[PDB]
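Tertiary structure, described
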Amino acid sequence: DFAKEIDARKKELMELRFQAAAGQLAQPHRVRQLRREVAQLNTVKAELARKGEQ
RNA sequence: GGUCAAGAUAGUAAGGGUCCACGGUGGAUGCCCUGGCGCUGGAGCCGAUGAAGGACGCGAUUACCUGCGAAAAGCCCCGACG
Ligand SMILES: [Mg+2]
Ligand SMILES: [Mg+2]
Ligand SMILES: [Mg+2]
Ligand SMILES: [Mg+2]
Ligand SMILES: [Mg+2]
Ligand SMILES: [Mg+2]
Ligand SMILES: [Mg+2]
């Protein structure tokens, strides 16, 4: 299921980039906060990959 | 006092010179250290699970440096500080 939440994050992240090329970007923090949720995502996936399979 | 004669003799500065005073220039000098040099003593290999050194790129705004790498001034677990 993890990839679904990853890509849902990626869509709004690109939406923020698109506004940021424009004059609208009132909450820049949401930018970097959206990316760490991606990284944590991927990280935890690797944390399951070794688990169980050994 | 006046005229004539003969004689001697100042001052003037265009610009200059020596000295004094006030600056401009310039960055010597003292002081300092954000940087070096040397000795002693430690520690001493990286790489095909990708080295050394790089090229692009990552930031709301980022030309240079750092750090980092599309999971990108970073992600997770432990411990320390508070
Ligand atoms: Mg005469
Ligand atoms: Mg002087
Ligand atoms: Mg010194
Ligand atoms: Mg290397
Ligand atoms: Mg950008
Ligand atoms: Mg990937
Ligand atoms: Mg502290």
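Residues numbered from 1 in each chain as written, not as in the entry; some residues may be left out. Chains lettered and ligands numbered in written order. Part of a larger assembly, values for the part shown. Heavy atoms only, no water.

The record lists X-ray crystallography as the method behind this PDB entry and 3.4000 Å as its resolution.

Going by the annotation in the PDB entry, the name recorded for chain A is 50S ribosomal protein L29, with Deinococcus radiodurans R1 given as the source organism. Under its PDB header, the title given for this structure is "50S Deinococcus radiodurans ribosome bounded with mycinamicin IV". Its UniProt record gives chain A the following Function comment, quoted word for word: "Binds the 23S rRNA. One of the proteins that surrounds the polypeptide exit tunnel on the outside of the subunit." UniProt annotates chain A under Sequence similarities with the comment "Belongs to the universal ribosomal protein uL29 family." (UniProt positions renumbered as here; feature names shortened; annotations may be inferred.)

The next point concerns unusual backbone geometry. Unlike most non-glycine residues, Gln 54 shows phi in positive territory, near 60°. Inspection of the secondary structure assignment puts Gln 54 in the segment after α2 (29-49). When its relative accessible area of 83% is taken as the criterion, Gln 54 is described as exposed. (Helix = DSSP H or I, 4+ residues; strand = E, 2+ residues; numbered from the N terminus. Buried < 20%, exposed > 50% of the residue type's maximum accessible area, 1.4 Å probe, protein only.)

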